[PDB]
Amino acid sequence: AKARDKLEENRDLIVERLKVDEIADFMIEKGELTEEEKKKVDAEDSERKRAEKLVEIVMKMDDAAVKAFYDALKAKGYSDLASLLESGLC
């Protein structure tokens, strides 16, 4: 009930910057994204639209998904994107 809201608040800053496949591949290894969902994310045209579609999925899922998205950002060097979600951590 806090990292969810932190993520929708900072949604615009996140989607300008996300190289989506880096994150998607990390979330799959954590069992929080499907290859199938990864091909649907890929199917948007612009880079920002693919980022948009990825956050939408994360917003739909449980907080395990958000957690693995936070971890993806830390592990792929999105240190200050990841800090944006931090002050509450469900």
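Just count from 1 along the sequence shown to find any residue number.
Stretch comparison (24 to 32 versus 42 to 50) by mean CA B-factor in the PDB entry places 42 to 50 on top.
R11: CA B factor lies in the lowest third for its chain, per the PDB record. In the deposited entry, the Cα temperature factor of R17 places it in the highest third of its chain's modelled residues. Per the deposited record, the Cα B-factor of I57 falls in the middle third when ranked against the other modelled residues of its chain.
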